[PDB]
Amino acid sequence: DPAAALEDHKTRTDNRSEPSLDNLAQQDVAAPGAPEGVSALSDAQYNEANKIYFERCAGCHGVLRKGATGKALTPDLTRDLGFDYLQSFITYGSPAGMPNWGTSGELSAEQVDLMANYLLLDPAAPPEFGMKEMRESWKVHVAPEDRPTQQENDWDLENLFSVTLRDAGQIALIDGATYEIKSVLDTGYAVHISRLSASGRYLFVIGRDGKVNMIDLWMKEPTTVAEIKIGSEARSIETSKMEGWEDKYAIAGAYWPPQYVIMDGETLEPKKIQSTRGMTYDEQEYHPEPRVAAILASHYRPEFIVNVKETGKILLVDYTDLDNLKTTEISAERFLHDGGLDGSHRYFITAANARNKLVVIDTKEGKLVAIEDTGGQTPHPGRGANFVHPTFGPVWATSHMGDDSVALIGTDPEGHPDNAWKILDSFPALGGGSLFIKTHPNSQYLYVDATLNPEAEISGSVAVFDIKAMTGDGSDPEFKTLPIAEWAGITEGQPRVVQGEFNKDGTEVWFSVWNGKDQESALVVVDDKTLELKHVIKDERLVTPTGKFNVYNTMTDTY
């Protein structure tokens, strides 16, 4: 019955992070005709409903309504349910999106009826975005021959932090030692991720609207040297990291259209576009909207590592020959999202989040090695945290959005075979709603945020575990609670702390204290050796600070 929406359409700590296609939602669409038994919506009503659908519903159900974490809502199925059921179900609203910018999920009576009617109509597919469109958007501001041949500024590039100023469509380049904002650059769109070329010279940023900017850190005044648009909705980018292939290529992954694009690493020239439309790995059924999620780069072969979410495929894409394109399509687990390489950089460990699994790929052999349930609800590692557990040996850790657990997986088949690819321990941190876990080789500490927790004090704090004290005896390791938001001294709202990131030396860890666009935010720097406050970064330009990426740690995959 319609009351089942209380369990499936209310906000959880782990259902607020599905895609919001708010860039694609800005496109106007044509209202379709309605077959017998169905009523048409006017152009305005249909567009109003489409905008709501794309911003709030398509993340879980698809723009094409063929299903993602939520089931299919195609007209054959919804017409069988009928308007009355749909109206009653949708009256409850839908899950809230991310804090500070996402939807509340609340709908007016008029909006409820629009949505029920929209679901009974036949949707069109949004426009494709191919090579002609990419080349039209492709601009080389500074040709390679006109760029410097050596660093022409006096900055400490490897210790720089590239910080997303989300809602301002900017990034800040901040000195990792002095905390000086060296520059604020316009991207003109909200940036999701910063990634660095393997040499550390080129900074790549991708916006949620599919725009890519490439910045030359050697210029006297670093700026965008090239830009291109690669889709309508995108969230991932990466650079080539195989020895001998430094600075050769960049790759971007899109949600819409479902595709990835390999670009020249010096100019952003679009070289190869690959659709990710295809069959689910398990049921082997066609899926028309398999979004690209995280993208990593192999250190063992000249390949990109591409997660294809809805089909549960991990792609190893060999960039040595883009005409005779060699790929390995690895059947994994559905709902792949984020992940990272182990400490040796050989094995890719990724969360198939809605199925509570970690998938492990051997990037040297090009094959699946393991799939293990974490025992927690909805793992969300980011790139995760590699460390040497005093008892277990090399491990990789993840925290979870759906519960307070931290899980450890053994990552050393050669030296610790009995622990390899097994979940070795699971223990609580601050609370549900964690997004990022972090450590560094020079630190003895494991930091765990709780960004999406509904309790303000918890979402403004970070748990810190002492790795040296871990025994793996089955007890719950104690943790210190750092009052990060309190240290930032922000009076307004309930700012959420998110994502630890270390400096190059691994002696200081930064957190974003993230408030909304019209509120006060900060970055907080923690002294890793003492766990004491080192510095609070505030500036009128520091608007909605979210992701932070140290140049050295990002170029080298040190996590």
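In this text, residue numbers run from 1 along the sequence as written.
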Revision key, fill the gap. Going by the entry, of stretches 159 to 167 and 137 to 145 the one with greater average Cα B-factor is 137 to 145
Check your understanding: Which wins on mean Cα temperature factor, 446 to 454 or 217 to 225?
Key -> 217 to 225
Exercise for review: In terms of CA temperature factor as recorded, identify the highest of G59, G506, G500, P495.
Suggested key: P495
Practice item. Sort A124, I484, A332, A177 by C-alpha B-factor from the entry and give me just the highest. Key: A124
Review point. Where does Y319 sit by CA temperature factor within its chain: lowest, middle or highest third?
Key: lowest
**Study point:** Chain thirds of CA B-factor: placement of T78
**Key:** highest
Check your understanding: What third of its chain, lowest, middle or highest, does the C-alpha temperature factor of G278 fall into?
Key -> middle
Practice item. Relative to the other modelled residues of the same chain, rank the CA B-factor of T546 and answer lowest, middle or highest third. Key: lowest
Point to revise | Ranked C-alpha temperature factor of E233 among modelled chain residues, by third | key: lowest
